[PDB]
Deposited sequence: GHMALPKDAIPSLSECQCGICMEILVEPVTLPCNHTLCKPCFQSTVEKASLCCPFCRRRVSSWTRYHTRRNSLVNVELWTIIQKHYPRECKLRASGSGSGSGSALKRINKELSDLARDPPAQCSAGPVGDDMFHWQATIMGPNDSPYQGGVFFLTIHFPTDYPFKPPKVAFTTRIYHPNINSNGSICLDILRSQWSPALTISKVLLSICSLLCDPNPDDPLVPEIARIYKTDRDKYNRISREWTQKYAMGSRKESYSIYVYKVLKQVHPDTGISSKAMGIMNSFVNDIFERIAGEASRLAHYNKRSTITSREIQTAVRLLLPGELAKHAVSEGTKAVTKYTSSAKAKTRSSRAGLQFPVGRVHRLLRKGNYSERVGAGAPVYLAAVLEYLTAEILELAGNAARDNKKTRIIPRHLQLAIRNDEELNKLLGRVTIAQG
């Protein structure tokens, strides 16, 4: 064999991607500065144009001349490693380097491996104009909020940075009232190899740990430095007011994702979202409480998916119970028959958070132990009920010639549906 690496040091697939086109490196060309790009990108952006490294701008015209003559451009050692360990991706692989193709590849990459607690895509058939959704991290006063952002890609992307700004009002020392963001990755530390995913992850990290010494809003930075408790309080209050936060547990991001499944071209107002959140918290409390009592009455230390199933039948009207039971069972069987995945929800095929529901079931002191199937089942039931409610309310907004769901549409859809009225009458 030409060579081999220690198992520890075999590069991942993502570490084998071309920093310019975001496709797997094929015939990787490593420049004398030790920056690498795939040969098609080398041809389109170096050999045919500037004769400079796209990453560090070092001139490589002499190097190119020498190695083009000898057909020694390719880093054969790297090339062998990549072919041996990712042969299928190599085989599937001035066209390269084009901005439109790079943005499309990043979009696909988001579909296959979406970033933790984020999401982004084109707003309306213009690939250079995206909307992004971030959820407030749990280690931050923004927990439970849904922050929307805009992303404008420049025509020379990825060589110039994307333009990213919050559309959702937020109380942050590095984010101003227009939504502009002071973050190194967007300007001083931008690199063609960086992606929208890494930017969204860098923003989430900024929400967790602001930088008060380089602020866009000096008053907020001063408060963060002097009265951190006041900063956290105002941050939380703004999250509730503008980012669909909640005094209780928040499900807003998951409600929104479900809404985009059943009615993609339909929105929801913060007040209607607050109602959805009350529903989910009520269904959770009722099911979890009944499941607590079922385990206790039957001298069982553990709440499993069986107590959740029985609680569902006791609490929901007939047709809703049967469908909820079917969805909860489908999720548990899919989960147990699937490999461990990035999120437990993804393993279960759900939008609602299985890991969070499990934590809540144990934090609520409902029982000594909580089996792994219970949160899968419960989360699927909350998702099913959310999906049925939103489908009706969306249908009602369409009949009222409205593009956004409001509390009136929610109240209409629940009063007109007999079983939902019984369940959520209050």
Exercise. Quick one: where does the model skip the deposited sequence?
Worked result: 94 to 98, 432 to 437
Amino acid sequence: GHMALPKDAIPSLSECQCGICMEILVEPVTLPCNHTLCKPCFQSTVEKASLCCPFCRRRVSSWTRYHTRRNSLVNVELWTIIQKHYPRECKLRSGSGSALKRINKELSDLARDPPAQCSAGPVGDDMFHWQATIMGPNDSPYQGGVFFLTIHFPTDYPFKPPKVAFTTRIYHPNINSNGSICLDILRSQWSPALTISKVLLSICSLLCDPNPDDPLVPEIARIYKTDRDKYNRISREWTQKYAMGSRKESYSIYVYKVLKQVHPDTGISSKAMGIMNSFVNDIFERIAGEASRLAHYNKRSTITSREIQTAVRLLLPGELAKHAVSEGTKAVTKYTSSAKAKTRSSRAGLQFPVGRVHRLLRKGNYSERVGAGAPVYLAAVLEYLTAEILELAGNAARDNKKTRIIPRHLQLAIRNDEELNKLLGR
From here on, numbers count along this sequence of modelled residues.
Seminar exercise, completed: Taking the deposited Cα B-factors and averaging over 333 to 341 and over 258 to 266, the higher mean is found in 258 to 266
Exercise. Per the PDB record, is the mean Cα temperature factor higher over 107 to 115 or over 317 to 325?
Worked result: 107 to 115
Problem set entry | Largest Cα B-factor, entry values, listed residues 140, 72, 304, 177 | 140
Problem set entry | Top Cα B factor in the deposited entry, candidates 172, 300, 85, 286 | 300
Exercise. Among the chain's modelled residues, which third holds the C-alpha B-factor of residue 125?
Worked result: highest
Exercise. Split the chain's modelled residues into thirds by Cα B-factor; is residue 348 in the lowest, middle or highest one?
Worked result: lowest
Problem set entry | Chain thirds of CA B-factor: placement of residue 30 | lowest
Problem set entry | Lowest, middle or highest third - CA B-factor, residue 97 | highest
For this session: Sorting the chain's modelled residues by C-alpha B-factor, tell me whether residue 45 ends up in the lowest, middle or highest third.
Result: middle
